[PDB]
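Content type TSV, N, CA, C and O atoms, from the file structure-v2.tsv:
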```tsv
chain	number	residue	atom	x	y	z
A	1	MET	N	201.97	-58.14	64.41
A	1	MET	CA	202.73	-58.04	65.68
A	1	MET	C	202.50	-56.69	66.35
A	1	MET	O	202.79	-56.51	67.53
A	2	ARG	N	201.98	-55.73	65.58
A	2	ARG	CA	201.71	-54.40	66.09
A	2	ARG	C	200.32	-54.32	66.70
A	2	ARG	O	200.16	-54.36	67.92
A	3	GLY	N	199.31	-54.22	65.84
A	3	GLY	CA	197.94	-54.14	66.32
A	3	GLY	C	196.96	-53.81	65.21
A	3	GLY	O	197.15	-52.83	64.48
A	4	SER	N	195.91	-54.62	65.08
A	4	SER	CA	194.90	-54.40	64.05
A	4	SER	C	193.75	-53.56	64.60
A	4	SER	O	193.43	-53.63	65.79
A	5	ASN	N	193.13	-52.78	63.72
A	5	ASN	CA	192.02	-51.92	64.12
A	5	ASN	C	190.72	-52.71	64.19
A	5	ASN	O	190.43	-53.55	63.33
A	6	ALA	N	189.93	-52.45	65.23
A	6	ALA	CA	188.65	-53.13	65.42
A	6	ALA	C	187.51	-52.13	65.56
A	6	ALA	O	187.24	-51.64	66.66
A	7	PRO	N	186.83	-51.79	64.45
A	7	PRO	CA	185.72	-50.83	64.46
A	7	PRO	C	184.46	-51.40	65.09
A	7	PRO	O	183.80	-52.27	64.52
A	8	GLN	N	184.12	-50.88	66.27
A	8	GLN	CA	182.92	-51.32	66.99
A	8	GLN	C	182.89	-52.83	67.18
A	8	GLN	O	182.00	-53.51	66.68
A	9	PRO	N	183.87	-53.39	67.93
A	9	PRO	CA	183.94	-54.83	68.18
A	9	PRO	C	183.10	-55.24	69.39
A	9	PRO	O	182.19	-54.51	69.80
A	10	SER	N	183.42	-56.39	69.97
A	10	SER	CA	182.70	-56.88	71.14
A	10	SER	C	182.90	-55.93	72.32
A	10	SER	O	182.07	-55.86	73.22
A	11	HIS	N	184.01	-55.21	72.29
A	11	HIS	CA	184.34	-54.25	73.34
A	11	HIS	C	183.86	-52.85	72.94
A	11	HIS	O	182.98	-52.71	72.10
A	12	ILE	N	184.46	-51.83	73.55
A	12	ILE	CA	184.10	-50.45	73.24
A	12	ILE	C	184.62	-50.05	71.87
A	12	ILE	O	185.64	-50.56	71.41
A	13	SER	N	183.92	-49.12	71.21
A	13	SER	CA	184.33	-48.65	69.90
A	13	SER	C	185.78	-48.21	69.92
A	13	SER	O	186.57	-48.55	69.03
A	14	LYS	N	186.14	-47.46	70.96
A	14	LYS	CA	187.51	-46.98	71.13
A	14	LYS	C	187.69	-46.33	72.50
A	14	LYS	O	186.80	-45.67	73.01
A	15	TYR	N	188.87	-46.52	73.08
A	15	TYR	CA	189.19	-45.94	74.38
A	15	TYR	C	190.10	-44.73	74.21
A	15	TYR	O	190.93	-44.70	73.30
A	16	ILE	N	189.96	-43.74	75.07
A	16	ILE	CA	190.78	-42.54	74.99
A	16	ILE	C	191.68	-42.42	76.21
A	16	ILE	O	191.21	-42.43	77.35
A	17	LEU	N	192.97	-42.30	75.97
A	17	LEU	CA	193.93	-42.18	77.06
A	17	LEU	C	194.57	-40.80	77.05
A	17	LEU	O	195.29	-40.44	76.11
A	18	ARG	N	194.30	-40.02	78.09
A	18	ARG	CA	194.85	-38.68	78.19
A	18	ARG	C	195.79	-38.59	79.38
A	18	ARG	O	195.44	-38.98	80.49
A	19	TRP	N	196.99	-38.07	79.14
A	19	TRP	CA	197.97	-37.94	80.21
A	19	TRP	C	198.76	-36.65	80.08
A	19	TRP	O	199.00	-36.14	78.98
A	20	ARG	N	199.17	-36.12	81.23
A	20	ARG	CA	199.95	-34.89	81.29
A	20	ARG	C	200.76	-34.84	82.58
A	20	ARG	O	200.30	-35.28	83.63
A	21	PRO	N	201.99	-34.30	82.52
A	21	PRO	CA	202.87	-34.20	83.69
A	21	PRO	C	202.23	-33.42	84.83
A	21	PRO	O	202.05	-32.20	84.75
A	22	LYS	N	201.88	-34.13	85.90
A	22	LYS	CA	201.26	-33.52	87.06
A	22	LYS	C	202.30	-32.79	87.90
A	22	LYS	O	201.97	-31.87	88.66
A	23	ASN	N	203.55	-33.20	87.77
A	23	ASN	CA	204.65	-32.60	88.52
A	23	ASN	C	205.34	-31.52	87.70
A	23	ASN	O	206.02	-30.65	88.24
A	24	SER	N	205.17	-31.58	86.38
A	24	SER	CA	205.78	-30.61	85.48
A	24	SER	C	204.72	-29.70	84.86
A	24	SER	O	205.04	-28.84	84.04
A	25	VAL	N	203.46	-29.92	85.25
A	25	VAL	CA	202.33	-29.13	84.75
A	25	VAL	C	202.52	-28.71	83.29
A	25	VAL	O	202.98	-27.61	83.00
A	26	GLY	N	202.14	-29.60	82.37
A	26	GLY	CA	202.27	-29.31	80.96
A	26	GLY	C	200.98	-29.55	80.19
A	26	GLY	O	199.89	-29.35	80.73
A	27	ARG	N	201.11	-29.97	78.94
A	27	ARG	CA	199.95	-30.23	78.10
A	27	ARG	C	199.58	-31.71	78.11
A	27	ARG	O	200.42	-32.56	78.41
A	28	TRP	N	198.33	-32.01	77.79
A	28	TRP	CA	197.85	-33.39	77.76
A	28	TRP	C	198.10	-34.03	76.40
A	28	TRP	O	198.52	-33.37	75.45
A	29	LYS	N	197.82	-35.33	76.31
A	29	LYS	CA	197.99	-36.08	75.06
A	29	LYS	C	196.91	-37.14	74.96
A	29	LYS	O	196.36	-37.56	75.98
A	30	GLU	N	196.58	-37.55	73.74
A	30	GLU	CA	195.53	-38.55	73.56
A	30	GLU	C	196.02	-39.77	72.78
A	30	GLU	O	196.76	-39.65	71.81
A	31	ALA	N	195.56	-40.94	73.22
A	31	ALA	CA	195.90	-42.21	72.58
A	31	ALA	C	194.68	-43.12	72.56
A	31	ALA	O	194.20	-43.55	73.61
A	32	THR	N	194.16	-43.38	71.36
A	32	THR	CA	192.97	-44.21	71.22
A	32	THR	C	193.30	-45.68	71.03
A	32	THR	O	194.07	-46.05	70.15
A	33	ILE	N	192.68	-46.52	71.86
A	33	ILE	CA	192.86	-47.97	71.80
A	33	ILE	C	191.51	-48.67	71.96
A	33	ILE	O	190.95	-48.68	73.05
A	34	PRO	N	190.96	-49.24	70.87
A	34	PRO	CA	189.66	-49.92	70.91
A	34	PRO	C	189.67	-51.17	71.80
A	34	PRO	O	189.97	-52.27	71.34
A	35	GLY	N	189.31	-50.98	73.06
A	35	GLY	CA	189.26	-52.10	73.99
A	35	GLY	C	190.64	-52.61	74.35
A	35	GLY	O	191.62	-51.86	74.33
A	36	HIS	N	190.72	-53.89	74.69
A	36	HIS	CA	191.99	-54.51	75.07
A	36	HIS	C	192.49	-55.44	73.97
A	36	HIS	O	192.48	-56.66	74.13
A	37	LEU	N	192.93	-54.86	72.86
A	37	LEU	CA	193.44	-55.64	71.74
A	37	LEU	C	194.77	-56.30	72.10
A	37	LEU	O	195.09	-57.39	71.62
A	38	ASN	N	195.54	-55.62	72.95
A	38	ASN	CA	196.83	-56.13	73.38
A	38	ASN	C	197.39	-55.29	74.52
A	38	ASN	O	196.77	-54.32	74.96
A	39	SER	N	198.57	-55.66	75.01
A	39	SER	CA	199.21	-54.94	76.10
A	39	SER	C	199.84	-53.64	75.60
A	39	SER	O	200.87	-53.66	74.92
A	40	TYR	N	199.22	-52.51	75.93
A	40	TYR	CA	199.71	-51.21	75.51
A	40	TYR	C	199.95	-50.30	76.72
A	40	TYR	O	199.01	-49.91	77.41
A	41	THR	N	201.22	-49.98	76.97
A	41	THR	CA	201.58	-49.12	78.09
A	41	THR	C	202.47	-47.97	77.64
A	41	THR	O	203.49	-48.17	76.99
A	42	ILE	N	202.08	-46.75	78.01
A	42	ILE	CA	202.84	-45.56	77.65
A	42	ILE	C	203.97	-45.33	78.64
A	42	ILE	O	203.74	-45.21	79.85
A	43	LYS	N	205.20	-45.25	78.13
A	43	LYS	CA	206.37	-45.04	78.98
A	43	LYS	C	207.14	-43.80	78.53
A	43	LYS	O	206.58	-42.90	77.91
A	44	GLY	N	208.43	-43.76	78.87
A	44	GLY	CA	209.25	-42.63	78.51
A	44	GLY	C	209.34	-41.60	79.62
A	44	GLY	O	209.76	-40.46	79.40
A	45	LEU	N	208.93	-42.01	80.82
A	45	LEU	CA	208.95	-41.13	81.98
A	45	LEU	C	210.16	-41.44	82.87
A	45	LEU	O	211.08	-42.13	82.44
A	46	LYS	N	210.16	-40.92	84.09
A	46	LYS	CA	211.28	-41.14	85.02
A	46	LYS	C	210.79	-41.24	86.46
A	46	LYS	O	209.68	-40.82	86.78
A	47	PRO	N	211.62	-41.79	87.37
A	47	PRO	CA	211.26	-41.93	88.78
A	47	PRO	C	211.17	-40.59	89.50
A	47	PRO	O	211.92	-39.66	89.20
A	48	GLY	N	210.26	-40.51	90.46
A	48	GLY	CA	210.09	-39.28	91.22
A	48	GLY	C	209.12	-38.31	90.58
A	48	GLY	O	208.89	-37.22	91.11
A	49	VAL	N	208.56	-38.68	89.43
A	49	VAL	CA	207.62	-37.81	88.73
A	49	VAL	C	206.26	-38.48	88.57
A	49	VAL	O	206.17	-39.67	88.25
A	50	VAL	N	205.20	-37.72	88.79
A	50	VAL	CA	203.85	-38.24	88.66
A	50	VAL	C	203.10	-37.57	87.51
A	50	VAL	O	203.03	-36.35	87.43
A	51	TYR	N	202.51	-38.39	86.65
A	51	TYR	CA	201.73	-37.88	85.53
A	51	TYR	C	200.26	-38.09	85.86
A	51	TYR	O	199.93	-38.60	86.94
A	52	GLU	N	199.38	-37.73	84.96
A	52	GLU	CA	197.96	-37.92	85.19
A	52	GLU	C	197.37	-38.76	84.07
A	52	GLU	O	197.60	-38.48	82.90
A	53	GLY	N	196.63	-39.81	84.42
A	53	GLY	CA	196.05	-40.67	83.41
A	53	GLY	C	194.54	-40.76	83.49
A	53	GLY	O	193.98	-41.02	84.55
A	54	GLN	N	193.88	-40.54	82.36
A	54	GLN	CA	192.42	-40.60	82.28
A	54	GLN	C	191.98	-41.39	81.06
A	54	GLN	O	192.20	-40.97	79.92
A	55	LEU	N	191.34	-42.54	81.28
A	55	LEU	CA	190.87	-43.37	80.17
A	55	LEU	C	189.37	-43.19	79.98
A	55	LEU	O	188.56	-43.68	80.77
A	56	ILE	N	189.00	-42.49	78.91
A	56	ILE	CA	187.61	-42.25	78.59
A	56	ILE	C	187.19	-43.04	77.35
A	56	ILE	O	187.72	-42.83	76.27
A	57	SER	N	186.23	-43.95	77.52
A	57	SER	CA	185.76	-44.76	76.41
A	57	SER	C	184.75	-44.00	75.57
A	57	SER	O	183.91	-43.27	76.08
A	58	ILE	N	184.86	-44.18	74.27
A	58	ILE	CA	183.99	-43.54	73.29
A	58	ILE	C	183.20	-44.55	72.45
A	58	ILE	O	183.77	-45.50	71.91
A	59	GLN	N	181.90	-44.32	72.33
A	59	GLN	CA	181.03	-45.17	71.53
A	59	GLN	C	180.64	-44.45	70.24
A	59	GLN	O	181.15	-43.37	69.95
A	60	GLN	N	179.75	-45.06	69.49
A	60	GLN	CA	179.29	-44.48	68.23
A	60	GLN	C	178.65	-43.11	68.47
A	60	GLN	O	178.61	-42.27	67.57
A	61	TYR	N	178.14	-42.89	69.68
A	61	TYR	CA	177.50	-41.61	70.01
A	61	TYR	C	178.42	-40.73	70.86
A	61	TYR	O	178.10	-39.57	71.14
A	62	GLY	N	179.57	-41.27	71.27
A	62	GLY	CA	180.52	-40.51	72.06
A	62	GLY	C	180.20	-40.48	73.55
A	62	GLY	O	179.05	-40.62	73.95
A	63	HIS	N	181.25	-40.28	74.36
A	63	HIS	CA	181.12	-40.20	75.82
A	63	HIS	C	180.61	-41.52	76.40
A	63	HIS	O	179.40	-41.77	76.43
A	64	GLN	N	181.53	-42.36	76.88
A	64	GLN	CA	181.15	-43.65	77.46
A	64	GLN	C	181.68	-43.81	78.89
A	64	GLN	O	181.00	-43.48	79.86
A	65	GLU	N	182.88	-44.36	78.99
A	65	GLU	CA	183.52	-44.63	80.28
A	65	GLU	C	184.51	-43.54	80.66
A	65	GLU	O	185.19	-42.98	79.80
A	66	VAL	N	184.60	-43.25	81.95
A	66	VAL	CA	185.54	-42.24	82.45
A	66	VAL	C	186.27	-42.76	83.69
A	66	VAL	O	185.65	-42.99	84.73
A	67	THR	N	187.58	-42.94	83.58
A	67	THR	CA	188.38	-43.45	84.69
A	67	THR	C	189.61	-42.58	84.94
A	67	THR	O	190.32	-42.21	84.01
A	68	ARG	N	189.85	-42.27	86.21
A	68	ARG	CA	191.00	-41.45	86.60
A	68	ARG	C	192.01	-42.28	87.38
A	68	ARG	O	191.67	-42.95	88.35
A	69	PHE	N	193.27	-42.24	86.94
A	69	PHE	CA	194.34	-42.99	87.59
A	69	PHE	C	195.60	-42.15	87.74
A	69	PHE	O	195.78	-41.14	87.06
A	70	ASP	N	196.46	-42.58	88.65
A	70	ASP	CA	197.71	-41.88	88.91
A	70	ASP	C	198.83	-42.49	88.08
A	70	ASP	O	198.77	-43.67	87.71
A	71	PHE	N	199.80	-41.67	87.73
A	71	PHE	CA	200.90	-42.09	86.89
A	71	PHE	C	202.26	-41.99	87.56
A	71	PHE	O	202.56	-41.01	88.24
A	72	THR	N	203.10	-42.98	87.30
A	72	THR	CA	204.45	-43.01	87.80
A	72	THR	C	205.34	-43.82	86.87
A	72	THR	O	204.84	-44.50	85.97
A	73	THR	N	206.65	-43.75	87.07
A	73	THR	CA	207.58	-44.48	86.22
A	73	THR	C	208.30	-45.59	86.99
A	73	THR	O	207.69	-46.59	87.36
A	74	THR	N	209.60	-45.41	87.22
A	74	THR	CA	210.39	-46.40	87.93
A	74	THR	C	210.29	-46.19	89.44
A	74	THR	O	211.06	-46.77	90.21
A	75	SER	N	209.32	-45.38	89.85
A	75	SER	CA	209.11	-45.09	91.26
A	75	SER	C	207.87	-45.83	91.78
A	75	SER	O	206.92	-46.05	91.04
A	76	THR	N	207.90	-46.20	93.06
A	76	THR	CA	206.79	-46.91	93.68
A	76	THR	C	205.84	-45.94	94.39
A	76	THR	O	206.14	-45.46	95.48
A	77	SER	N	204.71	-45.65	93.75
A	77	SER	CA	203.73	-44.74	94.32
A	77	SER	C	202.31	-45.14	93.90
A	77	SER	O	201.74	-46.09	94.44
A	78	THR	N	201.75	-44.41	92.93
A	78	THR	CA	200.40	-44.69	92.43
A	78	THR	C	199.42	-44.92	93.57
A	78	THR	O	198.88	-46.02	93.73
A	79	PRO	N	199.16	-43.89	94.40
A	79	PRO	CA	198.24	-44.00	95.53
A	79	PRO	C	196.77	-43.94	95.10
A	79	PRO	O	196.32	-42.92	94.57
A	80	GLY	N	196.05	-45.03	95.33
A	80	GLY	CA	194.65	-45.08	94.96
A	80	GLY	C	193.99	-46.39	95.34
A	80	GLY	O	193.08	-46.86	94.66
A	81	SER	N	194.46	-46.98	96.44
A	81	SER	CA	193.93	-48.25	96.92
A	81	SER	C	193.95	-49.30	95.81
A	81	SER	O	192.90	-49.73	95.33
A	82	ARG	N	195.15	-49.70	95.41
A	82	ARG	CA	195.31	-50.70	94.36
A	82	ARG	C	195.95	-51.97	94.92
A	82	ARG	O	196.70	-52.66	94.22
A	83	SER	N	195.65	-52.28	96.17
A	83	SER	CA	196.19	-53.47	96.82
A	83	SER	C	195.43	-53.78	98.11
A	83	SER	O	195.83	-53.36	99.20
A	84	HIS	N	194.33	-54.52	97.97
A	84	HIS	CA	193.51	-54.88	99.12
A	84	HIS	C	192.53	-55.99	98.76
A	84	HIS	O	191.46	-56.10	99.36
A	85	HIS	N	192.90	-56.80	97.78
A	85	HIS	CA	192.05	-57.90	97.33
A	85	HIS	C	192.76	-59.24	97.48
A	85	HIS	O	193.99	-59.31	97.40
A	86	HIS	N	191.99	-60.30	97.70
A	86	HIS	CA	192.56	-61.63	97.86
A	86	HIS	C	192.76	-62.32	96.51
A	86	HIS	O	192.06	-62.01	95.54
A	87	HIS	N	193.71	-63.25	96.46
A	87	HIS	CA	194.02	-63.98	95.24
A	87	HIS	C	194.56	-63.06	94.15
A	87	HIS	O	194.27	-61.86	94.14
A	88	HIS	N	195.35	-63.62	93.24
A	88	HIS	CA	195.93	-62.86	92.15
A	88	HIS	C	195.61	-63.49	90.80
A	88	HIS	O	195.26	-64.67	90.73
A	89	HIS	N	195.72	-62.70	89.74
A	89	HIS	CA	195.44	-63.18	88.38
A	89	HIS	C	194.01	-63.70	88.27
A	89	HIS	O	193.71	-64.41	87.29
```
For this file, produce the structure as structure tokens.
Amino acid sequence: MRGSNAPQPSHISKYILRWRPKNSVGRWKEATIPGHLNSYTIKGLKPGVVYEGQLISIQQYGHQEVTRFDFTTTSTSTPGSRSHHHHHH
């Protein structure tokens, strides 16, 4: 019910999630998740605050995918053109 480890599966060897308070300017943190094994979302934040999220994928040789996203909690923001496509799901 938690999550099983998948060493070098059909997906990426492992994904790296780094986040840090962009409004509180603090230290970053790392969370490795090998591909999309399940729904994993980091919470514990609050409305009116923006964090920074960077998902970098790592392979057997290191350095794979690099994605930058905006972070928010119970607030409606996350500006980055995330709503301009037809059809859902």
| Using only C-alpha atoms, which residue out of A:86, A:19, A:24, A:35 lies closest to residue 57 in chain A? |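 Closest candidate: A:35.
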| Pick the closest to residue 8 in chain A from A:22, A:53, A:27, A:59: which is it, counting only C-alpha atoms? |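 With only C-alpha atoms as the atom set, the closest residue is A:59.
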All residues 9 Å or closer to residue 5 in chain A, only C-alpha atoms, same chain fewer than 6 positions away omitted, as an mmCIF file with N, CA, C and O atoms, in the frame of the given file:
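File produced: result25.cif:
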```
data_model
loop_
_atom_site.group_PDB
_atom_site.id
_atom_site.type_symbol
_atom_site.label_atom_id
_atom_site.label_comp_id
_atom_site.auth_asym_id
_atom_site.auth_seq_id
_atom_site.Cartn_x
_atom_site.Cartn_y
_atom_site.Cartn_z
ATOM 1 N N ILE A 33 192.680 -46.520 71.860
ATOM 2 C CA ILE A 33 192.860 -47.970 71.800
ATOM 3 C C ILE A 33 191.510 -48.670 71.960
ATOM 4 O O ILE A 33 190.950 -48.680 73.050
ATOM 5 N N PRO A 34 190.960 -49.240 70.870
ATOM 6 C CA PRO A 34 189.660 -49.920 70.910
ATOM 7 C C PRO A 34 189.670 -51.170 71.800
ATOM 8 O O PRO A 34 189.970 -52.270 71.340
ATOM 9 N N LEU A 37 192.930 -54.860 72.860
ATOM 10 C CA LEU A 37 193.440 -55.640 71.740
ATOM 11 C C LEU A 37 194.770 -56.300 72.100
ATOM 12 O O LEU A 37 195.090 -57.390 71.620
#
```
List the spatial neighbours of residue 31 in chain A as a PDB file with N, CA, C and O atoms, in the frame of the given file - criterion: any atom at most 8 Å away, only N, CA, C and O atoms, same-chain residues fewer than 6 positions off excluded.
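Output below, filename part_17.pdb:
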```pdb
ATOM      1  N   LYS A  14     186.140 -47.460  70.960  1.00  0.00           N
ATOM      2  CA  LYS A  14     187.510 -46.980  71.130  1.00  0.00           C
ATOM      3  C   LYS A  14     187.690 -46.330  72.500  1.00  0.00           C
ATOM      4  O   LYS A  14     186.800 -45.670  73.010  1.00  0.00           O
ATOM      5  N   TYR A  15     188.870 -46.520  73.080  1.00  0.00           N
ATOM      6  CA  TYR A  15     189.190 -45.940  74.380  1.00  0.00           C
ATOM      7  C   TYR A  15     190.100 -44.730  74.210  1.00  0.00           C
ATOM      8  O   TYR A  15     190.930 -44.700  73.300  1.00  0.00           O
ATOM      9  N   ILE A  16     189.960 -43.740  75.070  1.00  0.00           N
ATOM     10  CA  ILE A  16     190.780 -42.540  74.990  1.00  0.00           C
ATOM     11  C   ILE A  16     191.680 -42.420  76.210  1.00  0.00           C
ATOM     12  O   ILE A  16     191.210 -42.430  77.350  1.00  0.00           O
ATOM     13  N   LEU A  17     192.970 -42.300  75.970  1.00  0.00           N
ATOM     14  CA  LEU A  17     193.930 -42.180  77.060  1.00  0.00           C
ATOM     15  C   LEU A  17     194.570 -40.800  77.050  1.00  0.00           C
ATOM     16  O   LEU A  17     195.290 -40.440  76.110  1.00  0.00           O
ATOM     17  N   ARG A  18     194.300 -40.020  78.090  1.00  0.00           N
ATOM     18  CA  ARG A  18     194.850 -38.680  78.190  1.00  0.00           C
ATOM     19  C   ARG A  18     195.790 -38.590  79.380  1.00  0.00           C
ATOM     20  O   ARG A  18     195.440 -38.980  80.490  1.00  0.00           O
ATOM     21  N   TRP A  19     196.990 -38.070  79.140  1.00  0.00           N
ATOM     22  CA  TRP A  19     197.970 -37.940  80.210  1.00  0.00           C
ATOM     23  C   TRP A  19     198.760 -36.650  80.080  1.00  0.00           C
ATOM     24  O   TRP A  19     199.000 -36.140  78.980  1.00  0.00           O
ATOM     25  N   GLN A  54     193.880 -40.540  82.360  1.00  0.00           N
ATOM     26  CA  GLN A  54     192.420 -40.600  82.280  1.00  0.00           C
ATOM     27  C   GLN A  54     191.980 -41.390  81.060  1.00  0.00           C
ATOM     28  O   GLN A  54     192.200 -40.970  79.920  1.00  0.00           O
ATOM     29  N   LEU A  55     191.340 -42.540  81.280  1.00  0.00           N
ATOM     30  CA  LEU A  55     190.870 -43.370  80.170  1.00  0.00           C
ATOM     31  C   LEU A  55     189.370 -43.190  79.980  1.00  0.00           C
ATOM     32  O   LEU A  55     188.560 -43.680  80.770  1.00  0.00           O
ATOM     33  N   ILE A  56     189.000 -42.490  78.910  1.00  0.00           N
ATOM     34  CA  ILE A  56     187.610 -42.250  78.590  1.00  0.00           C
ATOM     35  C   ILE A  56     187.190 -43.040  77.350  1.00  0.00           C
ATOM     36  O   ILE A  56     187.720 -42.830  76.270  1.00  0.00           O
TER      37      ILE A  56
END
```
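The space between atom O of residue 47 in chain A and CA of residue 67 in chain A spans 24.3 Å.
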| message | I want to know what sits within 6 Å of range 72-78 of chain A, based on all atoms listed in the file, with residues of the same chain fewer than 3 positions away left out; could you give that as a list in words? | response |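 Here the answer would be residues 45, 46, 47, 48, 49, 50, 51, 81 and 82 of chain A.
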| field | Of the listed residues A:20, A:84, A:2, A:89, that which approaches residue 39 in chain A most closely, counting only C-alpha atoms | value | A:2
| request: DSSP on the backbone, then: every residue of range 10-86 of chain A marked strand (DSSP E or B), written as a ChimeraX atom specification. | output: /A:14-21,29-33,51-58,66-71
| remark: CA of residue 11 in chain A to atom N of residue 30 in chain A measures 20.7 Å
